[PDB]
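Asks: Can you look at this? It's an experimental structure, sequence on top.
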Amino acid sequence: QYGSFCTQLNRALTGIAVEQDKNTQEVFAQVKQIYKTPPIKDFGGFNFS
Amino acid sequence: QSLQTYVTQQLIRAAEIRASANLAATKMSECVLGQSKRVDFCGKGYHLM
Amino acid sequence: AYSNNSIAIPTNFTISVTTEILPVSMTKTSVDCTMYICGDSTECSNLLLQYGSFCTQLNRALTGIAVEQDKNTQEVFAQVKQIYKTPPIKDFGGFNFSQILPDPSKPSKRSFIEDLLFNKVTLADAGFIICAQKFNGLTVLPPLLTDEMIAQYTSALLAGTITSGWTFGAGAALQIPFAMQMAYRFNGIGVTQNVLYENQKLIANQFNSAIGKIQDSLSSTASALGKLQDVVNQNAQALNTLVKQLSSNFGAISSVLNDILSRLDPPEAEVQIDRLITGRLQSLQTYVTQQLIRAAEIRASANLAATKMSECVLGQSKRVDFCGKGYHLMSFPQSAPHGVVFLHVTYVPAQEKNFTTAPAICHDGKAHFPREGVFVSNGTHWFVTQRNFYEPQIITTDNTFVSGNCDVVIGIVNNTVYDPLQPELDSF
Amino acid sequence: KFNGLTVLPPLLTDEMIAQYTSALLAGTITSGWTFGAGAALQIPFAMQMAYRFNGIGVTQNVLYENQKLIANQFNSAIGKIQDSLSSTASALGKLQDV
Amino acid sequence: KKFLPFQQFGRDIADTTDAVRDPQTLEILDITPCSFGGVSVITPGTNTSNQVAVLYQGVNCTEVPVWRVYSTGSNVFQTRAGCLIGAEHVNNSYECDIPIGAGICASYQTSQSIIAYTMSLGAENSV
Ligand SMILES: *[C@@H]1O[C@H](CO)[C@@H](O[C@H]2O[C@H](CO)[C@@H](O)[C@H](O)[C@@H]2O)[C@H](O)[C@H]1NC(C)=O
Ligand SMILES: *[C@@H]1O[C@H](CO)[C@@H](O)[C@H](O)[C@H]1NC(C)=O
Ligand SMILES: *[C@@H]1O[C@H](CO)[C@@H](O)[C@H](O)[C@H]1NC(C)=O
Ligand SMILES: *[C@@H]1O[C@H](CO)[C@@H](O)[C@H](O)[C@H]1NC(C)=O
Ligand SMILES: *[C@@H]1O[C@H](CO)[C@@H](O)[C@H](O)[C@H]1NC(C)=O
Ligand SMILES: *[C@@H]1O[C@H](CO)[C@@H](O)[C@H](O)[C@H]1NC(C)=O
Ligand SMILES: *[C@@H]1O[C@H](CO)[C@@H](O)[C@H](O)[C@H]1NC(C)=O
Ligand SMILES: *[C@@H]1O[C@H](CO)[C@@H](O)[C@H](O)[C@H]1NC(C)=O
């Protein structure tokens, strides 16, 4: 008899849940391919190990 | 009433986190994929990488 | 294919145009409190008078949001204090701006793409934005800037940009031929300018084709403007549920106030009317809170749009991926219902090759470094080129400089540097 | 989870995010900034650092004649970062608080 | 509207009745709520003058009357934002002073008075 309160609450929480995935994708997925380094680590004297 | 309070506070926190995520995306775009001239945006000093 | 004496340099380029869509504002709305909760019933009003200033708070909140909307619109669009206009002659060096400039053949002087954008957005509900008044104390207010004034601002910005460059954002507009302005724009991203004058009509053709494909992609696909559409959707849905909450019981006997009044005595109808007013008050408060949060989101988006208008359009940006993907050249604005659309024109290389490289050249016990560019070798000879477009030149003393002897640099090769004065003195 | 407090799993596992990050690192150290504007173009590392030096206003001359000093300083700084993370626990506060 | 023989009422998207059938003679009547809105007072500060203008927003002022003096006082000017009373329509265009809406602004100027005009975006210039 109180109307449509629960549907509103569920809708809000679902919106938040999707927004999280949007955030992560926007931050990390900025590259189109998957590069990799050669097995010969001749980088001029620096270290990235 | 308890549920209403909970969902409201969650919405506000989600907005804050979204702001942080946008800042992180901008930093990734500008400090990593390039070289920046904005002062103190990518660390104290003159930015190299 | 990494290696420590190998580089790849492009040989051709491509001009690309992309779109970006941002919301700016939403619908202003006002609500009457005493009429929504219980209208036309005086008895109820006397009961309502026992809660104080709730309705005043609700009205103040909604008014604040309503004003902030107009503030947003003026921040985004009104950034020029004169109304420029393009001349009647269209000698722009080969570029063809016919599809973004105004068309006086319409009641509202909008361009072709603006018409497409205004026809793609459709609102399911009818008459929820001369009549504007909803069923129960709900009203929508008209915005301060009609849709015919925004078009004038956009036209002014476009005309200024294509007739004066970026100088109209720092002072008084100074004219300049378009080809030379584009030459400066290339010079800004590290490519010499004689690369434009010798490849001009190719660039013009690429730009025209890009605009054509934009027209097609807008006129065919339907899901381009989702960001602008869902705003309308959310607003309609919230208003709908507000109105729909008037047919619930909340625990009372009936949802119609007149039936409670005309079936019981005043010592009992009170205990029912109290339940009803409590429920409706709670519904109103929920509505206003949600509206405040959405307004915050839209304000953030409007600030971003204002920054993009200031930096991509009125100038040329160096920030990476801020003004589109590639190397920024320029941008153009367009209006759309409740938002703005930017077209970014950018530069991308193509046709890369393979060469061997070296950091320096020991000529005569001296180390020569390149002033601006890089050393390359096509297999038997050594040239010096610019980093963003393959164009080799002889190695002379005018494009290199000397520093010290050549027993400290790692990977220095021998070769001869030709002296321009040497033949002038020897032939003399 | 007892009266309806369910928690959902994220769409991207922790083994995909690491792969994305490794891709970014490899691109950066093998191609410079060229891979963020088009196709990745290769260039030795010393020459890329020379370009960056020239970018901040110092002549590239300065790098080629002090290469190993810079290499040593960079390595030592990385080592110090590793130690500082391995020692103290209050470094990641901003995350834990969430 | 074309009811079926056995139907009586008519409802809307939000479940609000908007059509009825007369029981004694079988005909269809459409229902429309009668007008309402807020009242707005446009005033320069009391430091300057004690004169004001009134805006009835969202009302076609063929029925404004239903203080009364500012119900037929010195004009009834119709604008897309409502009916404006107490202010005089000019033809010039200046910068906005007090925002009324839908492109109409108002100000206090010359024997003084309150004027309502269409705001101007700026000067015109050809390069
Ligand atoms: C990069 O740093 C590593 C860090 O250890 C060094 O190589 C180490 O290799 C093992 C540990 O993996 C250790 O026992 C050695 O004594 C080295 O410290 C080195 O400075 C450098 N790596 C290479 C391959 O040169
Ligand atoms: C890279 O430099 C080393 C150092 O002498 C050299 O041996 C090697 O041949 C160079 N790279 C290639 C592809 O030759
Ligand atoms: C660059 O591309 C165009 C077509 O996009 C082509 O006609 C032209 O020949 C190319 N440049 C060179 C040097 O071949
Ligand atoms: C610009 O493009 C339109 C679209 O095809 C074309 O009709 C027009 O002629 C072009 N401009 C000029 C000056 O030809
Ligand atoms: C450069 O040489 C490598 C080594 O074979 C090759 O894989 C690569 O394709 C060459 N570059 C181009 C642009 O073809
Ligand atoms: C390019 O390499 C070939 C290969 O021997 C050489 O004959 C030619 O001279 C080089 N380019 C120029 C401009 O000499
Ligand atoms: C030429 O370069 C070589 C290195 O391969 C070096 O040994 C030689 O001394 C240089 N030429 C002269 C005349 O020294
Ligand atoms: C403005 O001028 C027009 C003539 O161009 C006239 O018809 C109109 O009545 C004038 N408006 C006012 C408010 O005087």
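Replies: Nice, thanks for sending it over. Residues are numbered from 1 along each chain as shown, chains lettered A, B, ... in the order given. Ligands and ions are numbered 1, 2, ... in the order given.

Asks: contacts and neighbour counts: CA atoms only from here.
Replies: OK.

Asks: Excluding sequence neighbours, find me the nearest residue to residue E:76.
Replies: Computed as C-alpha to C-alpha, 6 or more residues apart in numbering or on different chains, the closest residue to residue E:76 that is not its neighbour in sequence is residue E:85, at 5.2 Å.

Asks: Residue E:18 too?
Replies: Nearest to residue E:18 is residue E:31, by C-alpha to C-alpha, 6+ apart, at 5.0 Å.

Asks: mind pulling up the phi and psi values for residue E:20?
Replies: Per-residue torsions, residue E:20: phi -140, psi 160 (degrees, to the nearest 10).

Asks: Do a quick rundown of the strands in chain E.
Replies: All strands of chain E, identified by DSSP state E, fall at E:19-21, E:28-30, E:39-42, E:53-57, E:77-79, E:82-85, E:88-89, E:98-101, E:104-109, E:113-118, E:123-126.

Asks: hmm, back to that, my read: the residue nearest to residue E:76 touches residue E:70, true?
Replies: Yes: using C-alpha atoms under 8 Å, residue E:85 and residue E:70 qualify as a contacting pair, with a distance of 6.7 Å.

Asks: With neighbour numbers in mind, choose between those two.
Replies: residue E:85 (22 against 16; other C-alpha atoms under 10 Å in any protein chain shown).

Asks: pretty sure residue A:12 is in a helix, no?
Replies: Yes: when classified by DSSP: H, G, I helix; E, B strand; the rest coil, residue A:12 is found to be part of a helix.

Asks: That one: how many residues sit nearby?
Replies: Here the number of neighbours of residue A:12 (other C-alpha under 10 Å) works out to 15.

Asks: measure it to chain B for me?
Replies: Noted for residue A:12: a distance of 8 Å to chain B, by C-alpha to the nearest C-alpha, to the nearest Å.

Asks: do residue A:18 as well
Replies: Residue A:18 sits 11 Å away from chain B, taking C-alpha to the nearest C-alpha as the criterion.

Asks: Can you name the residue of chain E nearest chain B?
Replies: Taking C-alpha to the nearest C-alpha, chain B has its nearest neighbour within chain E at residue E:14, 25.0 Å off.

Asks: what's the angle from the helix or strand containing residue A:19 to helix C:266-308?
Replies: Using DSSP states H and E, residue A:19 sits in helix A:5-28. In terms of direction (axes from the mean of the first three to the mean of the last three C-alpha atoms, to 10 degrees), helix A:5-28 departs from helix C:266-308 by 10 degrees.

Asks: Excluding sequence neighbours, find me the nearest residue to whichever residue of chain A sits closest to ligand 2.
Replies: Using C-alpha to the nearest ligand atom, the single residue of chain A nearest to ligand 2 is residue A:42, 7.4 Å away. Spatial nearest neighbour of residue A:42, chain neighbours left out: residue C:4 (7.4 Å); criterion: C-alpha to C-alpha, 6+ apart.

Asks: thought that neighbour was touching residue D:48?
Replies: No: using C-alpha under 8 Å, residue C:4 is not in contact with residue D:48, being 11.2 Å away.

Asks: residue contacts, the residue of chain E closest to chain B?
Replies: Neighbouring residues of residue E:14 by C-alpha atoms under 8 Å, 6 or more residues apart in numbering or on different chains: C:240, C:243, C:244.

Asks: Distance-wise, check it relative to residue C:258.
Replies: 20 Å (C-alpha to C-alpha, to the nearest Å).

Asks: same check, this time on residue E:127
Replies: Counting by C-alpha to C-alpha, the gap from residue E:127 to residue C:258 is 69 Å.

Asks: Tell me the buried residues in stretch E:98-111?
Replies: E:100, E:101, E:102, E:103, E:104, E:105, E:106, E:107, E:108 (16 or more other C-alpha atoms under 10 Å in any protein chain shown).

Asks: Quote the end-to-end distance of that stretch.
Replies: 20 Å.

Asks: ok, is it in contact with ligand 8 or not?
Replies: No: counting by C-alpha under 6 Å from any ligand atom, ligand 8 has no neighbours in stretch E:98-111; the shortest distance is 12.9 Å.

Asks: From the chain's centroid, how far away is that stretch?
Replies: Relative to the centre of its chain, stretch E:98-111 is centred 15 Å away, using C-alpha atoms, centre = their mean, to the nearest Å.

Asks: what bridges to the nearest residue to residue E:77 once chain neighbours are set aside?
Replies: With sequence-adjacent residues excluded and distances taken as C-alpha to C-alpha, 6+ apart, residue E:77 is closest to residue E:84, at 5.2 Å. Under DSSP bridges, the beta-bridge partners of residue E:84 are residue E:55, residue E:77.

Asks: what residues are up against residue E:84?
Replies: Going by C-alpha under 8 Å, 6+ apart, residue E:84 touches E:53, E:54, E:55, E:56, E:76, E:77, E:78.

Asks: Run through the residues that contact the last one.
Replies: Taking C-alpha under 8 Å, 6+ apart as the contact definition, residue E:78 lies against E:60, E:61, E:84.

Asks: From the centroid of chain E, which residue is nearest?
Replies: residue E:82 (1.3 Å; C-alpha atoms, centre = their mean).

Asks: again, but for chain A
Replies: Short answer for chain A (C-alpha atoms, centre = their mean): residue A:24, at 1.9 Å.

Asks: any idea how far chain C is from that residue?
Replies: 18 Å.

Asks: And for residue E:109?
Replies: Relative to chain C, and taking C-alpha to the nearest C-alpha, residue E:109 is found at 22 Å.

Asks: how many other residues sit next to the closest residue to ligand 6 within chain E?
Replies: For chain E and ligand 6, the shortest gap (C-alpha to the nearest ligand atom) falls at residue E:127, measuring 47.9 Å. For residue E:127, the number of neighbouring residues by other C-alpha under 10 Å comes to 13.

Asks: Same question for residue A:22.
Replies: 14.

Asks: Check the one 4 residues further on too.
Replies: Counted with other C-alpha under 10 Å, the burial measure for residue A:26 works out to 14 neighbours.

Asks: again with residue E:87
Replies: If we define neighbours as other C-alpha under 10 Å, then residue E:87 has 24 of them.

Asks: I'd say it and residue E:53 touch.
Replies: Yes: with contact defined as C-alpha under 8 Å, residue E:87 counts as touching residue E:53 (6.1 Å).

Asks: Quickly list what's touching both of these two.
Replies: residue E:114.

Asks: that older thread, for residue D:11, see how far away the residue nearest to the centre of chain A is.
Replies: Distance of residue A:24 to residue D:11, computed by C-alpha to C-alpha: 9 Å.

Asks: go on, residue E:47?
Replies: Distance, residue E:47 to residue D:11, using C-alpha to C-alpha: 64 Å.

Asks: what do you get for residue A:20?
Replies: Distance, residue A:20 to residue D:11, by C-alpha to C-alpha: 10 Å.

Asks: contacting residues around residue E:85?
Replies: When contacts are counted by C-alpha under 8 Å, 6+ apart, residue E:85 touches E:53, E:54, E:55, E:70, E:71, E:72, E:73, E:74, E:75, E:76, E:77.

Asks: any idea how far the fifth one is from residue C:91?
Replies: According to C-alpha to C-alpha, residue E:71 and residue C:91 sit 59 Å apart.

Asks: Return the set of residues that bridge with residue E:125.
Replies: Beta-bridge partners, per DSSP bridges, of residue E:125: residue C:84.

Asks: so it touches residue C:83, yeah?
Replies: Yes: assessed by C-alpha under 8 Å, residue E:125 is found in contact with residue C:83 at 5.8 Å.

Asks: Show me the contact partners of stretch E:89-100.
Replies: So stretch E:89-100 is contacted by C:144, E:77, E:81, E:105-107, E:115-122 (C-alpha under 8 Å, 6+ apart).

Asks: just stretch E:110-123 next, same as before
Replies: In contact with stretch E:110-123 (C-alpha under 8 Å, 6+ apart) are residues C:81-83, C:149, E:52-53, E:86-96, E:103-109.

Asks: Give me the neighbour count for the residue nearest to residue E:18.
Replies: Quick note: residue E:31 (other C-alpha under 10 Å) scores 10 neighbours.

Asks: now residue E:119
Replies: The number of residues packed near residue E:119 is 20, by other C-alpha under 10 Å.
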